[PDB]
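Participant: A single structure is presented below for examination.
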Protein chains: 2
Amino acid sequence: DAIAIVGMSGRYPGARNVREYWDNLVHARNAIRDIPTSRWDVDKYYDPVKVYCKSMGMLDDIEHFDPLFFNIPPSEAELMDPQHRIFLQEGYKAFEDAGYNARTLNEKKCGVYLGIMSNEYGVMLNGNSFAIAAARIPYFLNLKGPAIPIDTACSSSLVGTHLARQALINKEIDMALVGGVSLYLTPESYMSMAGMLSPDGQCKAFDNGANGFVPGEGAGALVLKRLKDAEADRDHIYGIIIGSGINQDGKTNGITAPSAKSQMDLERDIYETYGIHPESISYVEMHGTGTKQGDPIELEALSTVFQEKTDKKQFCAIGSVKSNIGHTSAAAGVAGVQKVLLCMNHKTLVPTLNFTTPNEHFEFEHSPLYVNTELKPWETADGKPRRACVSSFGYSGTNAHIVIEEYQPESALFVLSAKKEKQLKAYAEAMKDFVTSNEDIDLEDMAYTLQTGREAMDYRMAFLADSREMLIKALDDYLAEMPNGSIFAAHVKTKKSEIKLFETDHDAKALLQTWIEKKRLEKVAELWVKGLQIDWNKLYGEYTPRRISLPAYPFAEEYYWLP
Amino acid sequence: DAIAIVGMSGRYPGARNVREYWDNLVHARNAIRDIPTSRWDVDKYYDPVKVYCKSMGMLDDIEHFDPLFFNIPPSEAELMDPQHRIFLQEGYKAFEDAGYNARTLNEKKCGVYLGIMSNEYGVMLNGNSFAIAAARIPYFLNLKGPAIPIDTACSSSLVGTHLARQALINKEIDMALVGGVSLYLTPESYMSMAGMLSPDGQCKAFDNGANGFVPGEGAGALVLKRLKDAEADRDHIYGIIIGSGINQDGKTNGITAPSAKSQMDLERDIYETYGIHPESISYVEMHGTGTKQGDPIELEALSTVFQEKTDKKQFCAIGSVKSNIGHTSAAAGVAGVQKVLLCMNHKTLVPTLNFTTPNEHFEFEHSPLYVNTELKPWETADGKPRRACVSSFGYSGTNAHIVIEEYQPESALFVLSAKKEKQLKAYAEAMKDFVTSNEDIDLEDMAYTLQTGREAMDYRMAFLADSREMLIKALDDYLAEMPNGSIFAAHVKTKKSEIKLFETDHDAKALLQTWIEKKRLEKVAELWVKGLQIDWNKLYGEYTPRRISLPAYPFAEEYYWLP
């Protein structure tokens, strides 16, 4: 039936994670920049009539990777497509976002569906096949669900989402990691213009001045489960997918042209099959690439299908995050789904950018659709959950469309760990920022997530806090190396002898069990950082706190590029 | 029958509007200047025996346009012939001069007849067809009458006037925008000398030293209606067209030579068809280009036709504004008509320039005609309305001649608005200058015109005044941002919540309606600036004021040229 999204991770232009992404969206920030010479020299390719676009939505530090984390020899990292490397990281973090770790994922029937559409790095070099790109994560985590890369161009990650959905519903897999990744590494590939790109370097979605898209880079991942499992497993749930479908344009006027009829059929068939009334939908994240003939066709299609079922006018807001971050290609779908989920979570609609005058080829006034350019509350009538759609169409003519519905649910011991001390320090910094930024965090939930929802790695710290302020201070004290009697830290490999007593002796174990039983945290803390395995479940009696979203592993930022 | 001229707008050398035009004419100012290097370098083309003229009647700021006002993307502005852009502005302003706005013009059967004769910008670039030049305004305002460009060279705008008149009389349209526009952008075009140009750079109309014309630039528009409609609609009326005709030179000695016989026939046929006696005419705005063989032929023709009917001598003044502003080509006719209307309105004849000694080939003394070189009152006998003619002849041999007759008619709340705040400030400045210059302005008429005869746009200010002095001070206060409790100003998009109450509630509406009916102007003002729609008609009971000519929109002065 319904598919729960229980984890997410994202890395987009101007946004190192989905929290920065959200902030950028709320503040209507445009992340498109001029392409610097450190990528390539636009002056050597630029002609205004060769490339006619000099702008891109760029990721930062596309060369950074933590190969040791993934048991990859540093020398192999130079030979890896950075698309592979970045997704490997973002995929992993999506799992951690959900609160799953290497231990809990081992041998899971989790499918991996990865949107990817370019080979630039592999060619530059003359390991890097699409088949291997998808398989990295399964290999690393010992997952057992199929690993399939999807190249349907810009619809790729949304196509992957559909396929994962059908596999989960058919009970062929019990979890799915779906994602996309797109980089533009060469003048040659970003180049193909074929007339596709805007000379101004903006996706002017819905606007009469729409004249092409600006290429964007990105990597995103979602963790999907059957809703029934997600609730039984007490996952945190971002939203549910209640309908999806894919189809083809077929014969168009040129293989890259869109078909109004196919878009309508796709949308109609989904709504009919899954019993979804257009009136119930209040936002659609359009494909919205800002092409002159594409935009009006998408608008007319969607408008027409909505109007078949309702006379209501201007109830459904439309937007496109491509106005913010550009056209992130294989990652477009996942970028859009993540926007919608963040909107739902915050019950907030955010501005779509670059919209001055409506596309002349479409009349909004008597449409069910309106372009939202405001930061405003996302209103819902009565009890009803918010519903939104995401569309993604590819240049090869393979379309996708999904429907998402908002999910309506019915002292603590903080522990951190990393594979190196430097990353542990980075982790503490990330947690401090997170806690500083989120004044309403549930402290018991957060600890519980750190305990059960992260792998205990070799470098460890832990501390007690009963308040946000105490929590922030502890992390400050840790970072400043300023003495605090409630902070404990150790490298596990150093402390083996100091722990053995609690691992082998029967009454020491009984004492440890009573400590965890008779509620003492300082003692549990000291032992934990030294490497003692704690049974975290015993810490909780009648009341068990829930996993929540926290910052994921802060990978080492080591530079690797062509050998 | 009679055609009323109910709106005008003009932009000529030395005159940004028809008010500056009038001032220049009254003061016998010559607007011809040496061609600056910012246009082209005359030294690179100049040969005295190549160009042999270095002078031009030039428009200022031919590159300026406000594309956002017209819902045109800024980048499209660079690709538009400035002839199109300038006429789009003047044409619009003519409508506003008449007191008509987008709302009142929507779906109107208004024909647009546009004099235009050159393509320089389009060629320079290698949207810019004559057909599109004419269609710009209809497309913007949603007019439904035919949109036709006319290229009969120099007679163009007068030919258009004839066609509009006939369509109006035949009830095919209910309004007409007629105009012309000419620019001289290249050395090549302005160049064609073909022997046409004066080496001295003056149009020496009627003078024995006449030796060619000096090219001038210009853009001018008129608003025409049937007189019966204009009186029923309570338009303000500049004058009435009581006759017009067009014909051809046919076979001449060279296709650009004039025909005495054709000019006589044209004039004779018009006077006979429409029952106009030459004795009733007291001024003729001649084609008067200051060419050696052209001038005497025109004089002899007109003199002969007049003399066929009367023995009276030297009763009809002749002149040519080309002596002031040069030969404005496609806009020549509208320039001439506008001069005559202004003369009529002020009951004043103005000097024609560059006249020292009469052309030897014509004897004035026993003619009905005399050259007026004086600023003097336009005298009329008995009750009789003043009558004048305008001639315009083209190099292709298509001639035009119209007859115009003087029209003899049987605290306030000031509101201003623009699409940007900067233009609002420019609007207030223009109004202050206008009121300062026009000491006799009817304050009630003016307010009424601002209320009913201008579109309420997004940036608003309003105030009360019961005198000219109070009005001027209010505007000064607004401009100087110095506190004045009777001044209100808002951006409408910002205030939506503060207005909704008066839009939905039944008793609030009844209060607002009572306010409007009891003339509670402060209250009406505060609400209007915030975006509340006011039914202005309710402000007026037994006495309704009349629309008058006021300054029109002050377009943003943004520079656009070749991409």
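Ordering of the structure tokens sets the chain letters (A, B, ...); residue numbers start at 1 within each chain; ligands are numbered from 1 in the order shown.
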Using only C-alpha atoms, select each residue of chain B with any atom at most 10 Å away from an atom of chain A, and give the selection as a PyMOL selection string.

Facilitator: chain B and resi 68+71-76+563

Participant: How would you write, as an MDAnalysis selection string, the set of residues in stretch 249-470 of chain A that DSSP gives as helix (DSSP H, G or I)?

Facilitator: chainID A and resid 260:273 278:280 294:307 322:325 329:346 421:437 443:452 468:470

Participant: Can you work out the spacing between atom CA of residue A:56 and atom CA of residue A:217 in Å, to one decimal?

Facilitator: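 These two atoms are separated by 8.0 Å.
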
Participant: Show which residues sit within 7 Å of stretch 227-240 of chain B, as a VMD selection string. Count only C-alpha atoms, and ignore same-chain residues fewer than 3 positions away.

Facilitator: chain B and resid 2 to 6 98 341 345 404 to 407 546 to 548

Participant: Give me, as a list in words, all polymer residues having an atom no more than 10 Å from residue B:533, counting only C-alpha atoms and skipping those fewer than 3 positions away in the same chain.

Facilitator: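 These residues fall inside the cut-off: residues 456, 499, 502, 503, 524, 527, 528, 529, 530 and 536 of chain B.
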
Participant: Write out, as a compact mmCIF listing (two decimals), in the first residue's frame, the residues just selected, with C-alpha atoms.

Facilitator:
# COMPACT_ATOMS: atom_id res chain seq x y z
CA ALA B 456 -4.41 52.15 -10.41
CA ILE B 499 -7.91 45.89 3.20
CA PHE B 502 -13.66 46.26 3.44
CA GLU B 503 -13.79 43.68 0.64
CA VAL B 524 -11.09 57.05 0.99
CA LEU B 527 -7.79 52.88 1.83
CA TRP B 528 -7.15 53.52 -1.86
CA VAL B 529 -3.38 53.71 -1.50
CA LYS B 530 -3.51 50.37 0.30
CA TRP B 536 -15.13 56.93 -8.09

Participant: When DSSP is applied to the backbone of this structure, which of stretch 187-392 of chain B are assigned strand (DSSP E or B)? Write them out as an MDAnalysis selection string.

Facilitator: chainID B and resid 197 207 213 215:216 218:226 239:248 283:285 316:319 327 348:349 358 369:371 376:377 387:392

Participant: Please, what distance in Å, to one decimal, runs between atom CA of residue A:280 and atom CA of residue A:339?

Facilitator: 19.0 Å

Participant: Would you list the contacts of residue A:88 as a VMD selection string, taking every protein, DNA or RNA residue within 10 Å and counting only C-alpha atoms, but skipping same-chain residues closer than 4 positions in sequence?

Facilitator: chain A and resid 65 to 66 70 82 to 84 92 to 93 133 to 138 140 219 221

Participant: How about saving the chosen residues, N, CA and C atoms kept, as a PDB file, in the first residue's frame?

Facilitator:
ATOM      1  N   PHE A  65      36.676  12.816  -0.447  1.00  0.00           N
ATOM      2  CA  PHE A  65      36.190  11.466  -0.187  1.00  0.00           C
ATOM      3  C   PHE A  65      36.904  10.912   1.041  1.00  0.00           C
ATOM      4  N   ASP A  66      36.255   9.973   1.723  1.00  0.00           N
ATOM      5  CA  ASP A  66      36.842   9.299   2.876  1.00  0.00           C
ATOM      6  C   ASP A  66      36.993   7.806   2.597  1.00  0.00           C
ATOM      7  N   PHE A  70      35.404   3.482   3.978  1.00  0.00           N
ATOM      8  CA  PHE A  70      34.717   2.482   3.170  1.00  0.00           C
ATOM      9  C   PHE A  70      35.614   1.303   2.816  1.00  0.00           C
ATOM     10  N   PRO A  82      33.901  10.496  -9.173  1.00  0.00           N
ATOM     11  CA  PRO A  82      33.443  11.203  -7.982  1.00  0.00           C
ATOM     12  C   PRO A  82      31.932  11.117  -7.795  1.00  0.00           C
ATOM     13  N   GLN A  83      31.214  10.841  -8.879  1.00  0.00           N
ATOM     14  CA  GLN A  83      29.795  10.529  -8.783  1.00  0.00           C
ATOM     15  C   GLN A  83      29.584   9.306  -7.895  1.00  0.00           C
ATOM     16  N   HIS A  84      30.425   8.290  -8.077  1.00  0.00           N
ATOM     17  CA  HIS A  84      30.377   7.086  -7.254  1.00  0.00           C
ATOM     18  C   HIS A  84      30.674   7.426  -5.823  1.00  0.00           C
ATOM     19  N   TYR A  92      25.019   6.365   2.297  1.00  0.00           N
ATOM     20  CA  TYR A  92      25.320   5.897   3.645  1.00  0.00           C
ATOM     21  C   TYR A  92      24.647   6.786   4.685  1.00  0.00           C
ATOM     22  N   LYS A  93      24.709   8.093   4.453  1.00  0.00           N
ATOM     23  CA  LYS A  93      24.191   9.068   5.406  1.00  0.00           C
ATOM     24  C   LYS A  93      22.669   9.019   5.489  1.00  0.00           C
ATOM     25  N   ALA A 133      28.534   1.506  -9.816  1.00  0.00           N
ATOM     26  CA  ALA A 133      28.105   2.680  -9.063  1.00  0.00           C
ATOM     27  C   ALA A 133      26.973   2.330  -8.105  1.00  0.00           C
ATOM     28  N   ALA A 134      26.013   1.559  -8.605  1.00  0.00           N
ATOM     29  CA  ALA A 134      24.861   1.159  -7.808  1.00  0.00           C
ATOM     30  C   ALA A 134      25.241   0.145  -6.733  1.00  0.00           C
ATOM     31  N   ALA A 135      26.290  -0.628  -7.002  1.00  0.00           N
ATOM     32  CA  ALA A 135      26.640  -1.795  -6.199  1.00  0.00           C
ATOM     33  C   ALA A 135      27.568  -1.478  -5.030  1.00  0.00           C
ATOM     34  N   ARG A 136      28.156  -0.285  -5.039  1.00  0.00           N
ATOM     35  CA  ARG A 136      29.097   0.114  -3.999  1.00  0.00           C
ATOM     36  C   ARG A 136      28.481  -0.083  -2.619  1.00  0.00           C
ATOM     37  N   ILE A 137      27.291   0.478  -2.427  1.00  0.00           N
ATOM     38  CA  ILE A 137      26.649   0.493  -1.117  1.00  0.00           C
ATOM     39  C   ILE A 137      26.250  -0.900  -0.644  1.00  0.00           C
ATOM     40  N   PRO A 138      25.645  -1.701  -1.535  1.00  0.00           N
ATOM     41  CA  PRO A 138      25.377  -3.094  -1.198  1.00  0.00           C
ATOM     42  C   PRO A 138      26.633  -3.857  -0.788  1.00  0.00           C
ATOM     43  N   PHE A 140      29.428  -2.618   0.440  1.00  0.00           N
ATOM     44  CA  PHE A 140      29.952  -2.089   1.692  1.00  0.00           C
ATOM     45  C   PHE A 140      29.122  -2.521   2.895  1.00  0.00           C
ATOM     46  N   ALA A 219      23.607  15.273  -5.402  1.00  0.00           N
ATOM     47  CA  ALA A 219      23.439  13.877  -5.020  1.00  0.00           C
ATOM     48  C   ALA A 219      22.451  13.783  -3.863  1.00  0.00           C
ATOM     49  N   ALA A 221      19.581  10.942  -1.603  1.00  0.00           N
ATOM     50  CA  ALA A 221      19.133   9.582  -1.327  1.00  0.00           C
ATOM     51  C   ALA A 221      17.913   9.571  -0.411  1.00  0.00           C
TER      52      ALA A 221
END

Participant: Find the spatial neighbours of residue A:516, counting only C-alpha atoms, within a cut-off of 10 Å - ignore same-chain residues fewer than 5 positions away - and output them as a ChimeraX atom specification.

Facilitator: /A:510-511,521,523-524,534-540

Participant: Any idea what's packed within 7 Å of residue B:450, counting only C-alpha atoms, ignoring anything in its chain fewer than 5 positions away? Could you give it as a ChimeraX atom specification?

Facilitator: /B:414-416

Participant: Provide the atom CA of residue B:152 to atom CA of residue B:25 distance in Å, to one decimal place.

Facilitator: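 These atoms are spaced 27.0 Å apart.
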
Participant: When you count only C-alpha atoms, which of these residues is closest to residue A:320: A:384, A:390, A:282, A:185?

Facilitator: A:390

Participant: Between B:475, B:62, B:302, B:430, which one has atoms that come closest to residue B:554, using only C-alpha atoms?

Facilitator: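 For residue B:554, the nearest of the candidates is B:430.
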